[PDB]
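Some notes on the structure that comes next.
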Amino acid sequence: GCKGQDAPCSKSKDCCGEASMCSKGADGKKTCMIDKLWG
């Protein structure tokens, strides 16, 4: 399927949404950064 927001992923394709993108986190780890208009 596809992860959500702040979810740990490896590829942007993993992040769900219209044009979501997988990026880093804060403690080195990685997380998603969807653009859900709602939440």
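Convention: chains lettered A, B, ... in structure tokens order; per-chain residue numbering from 1; ligands numbered from 1 as shown.
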**Q.** strand (DSSP E) call set, DSSP backbone run, chain A, as a VMD selection string
**A.** chain A and resid 22 to 24 30 to 32
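Residues surrounding residue 34 of chain A within 9 Å are residues 4, 5, 6, 15, 16, 17, 18, 19, 20, 21 and 22 of chain A [only C-alpha atoms; sequence separation below 4 positions excluded].
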For the residues in that selection, give me C-alpha atoms as a PDB file, in the first residue's frame.
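As written to disk, selection-v1.pdb reads:
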```
ATOM      1  CA  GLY A   4       1.017   8.170   5.799  1.00  0.00           C
ATOM      2  CA  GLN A   5       2.433  11.314   7.387  1.00  0.00           C
ATOM      3  CA  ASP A   6       5.571  11.149   9.530  1.00  0.00           C
ATOM      4  CA  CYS A  15       4.168   7.745   0.869  1.00  0.00           C
ATOM      5  CA  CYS A  16       0.492   7.957  -0.089  1.00  0.00           C
ATOM      6  CA  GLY A  17      -1.314  11.055  -1.323  1.00  0.00           C
ATOM      7  CA  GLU A  18      -1.417  13.136  -4.496  1.00  0.00           C
ATOM      8  CA  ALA A  19       2.207  14.289  -4.570  1.00  0.00           C
ATOM      9  CA  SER A  20       3.638  13.112  -1.247  1.00  0.00           C
ATOM     10  CA  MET A  21       7.394  12.712  -0.813  1.00  0.00           C
ATOM     11  CA  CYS A  22       9.567  10.585   1.474  1.00  0.00           C
TER      12      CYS A  22
END
```
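Take atom CA of residue 3 of chain A and atom CA of residue 36 of chain A: the distance between them is 12.5 Å.
The list of residues with at least one atom within 7 Å of residue 8 of chain A, based on only C-alpha atoms and without residues fewer than 6 positions apart in the same chain, reads residues 30, 31 and 32 of chain A.
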Using only C-alpha atoms, please write the residues we just selected to a file, as a PDB file, in the first residue's frame.
```pdb
ATOM      1  CA  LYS A  30      13.389   8.852   7.748  1.00  0.00           C
ATOM      2  CA  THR A  31       9.729   9.864   7.522  1.00  0.00           C
ATOM      3  CA  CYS A  32       7.023  10.797   5.018  1.00  0.00           C
TER       4      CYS A  32
END
```
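Residues surrounding residue 29 of chain A within 10 Å are residues 8, 9, 10 and 23 of chain A [only C-alpha atoms; sequence separation below 6 positions excluded].
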Prev. selection, N, CA and C atoms, output as a short mmCIF file (atom, residue, chain, number, x, y, z; two decimals), in the first residue's frame:
```
data_model
loop_
_atom_site.label_atom_id
_atom_site.label_comp_id
_atom_site.auth_asym_id
_atom_site.auth_seq_id
_atom_site.Cartn_x
_atom_site.Cartn_y
_atom_site.Cartn_z
N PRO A 8 7.72 6.13 8.65
CA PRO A 8 9.05 5.70 8.20
C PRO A 8 9.00 4.99 6.85
N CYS A 9 9.63 5.59 5.85
CA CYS A 9 9.66 5.02 4.51
C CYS A 9 11.07 5.09 3.92
N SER A 10 11.25 4.47 2.76
CA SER A 10 12.54 4.46 2.09
C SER A 10 12.46 5.14 0.73
N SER A 23 10.99 11.85 2.98
CA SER A 23 12.19 12.58 3.38
C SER A 23 12.75 12.04 4.68
#
```
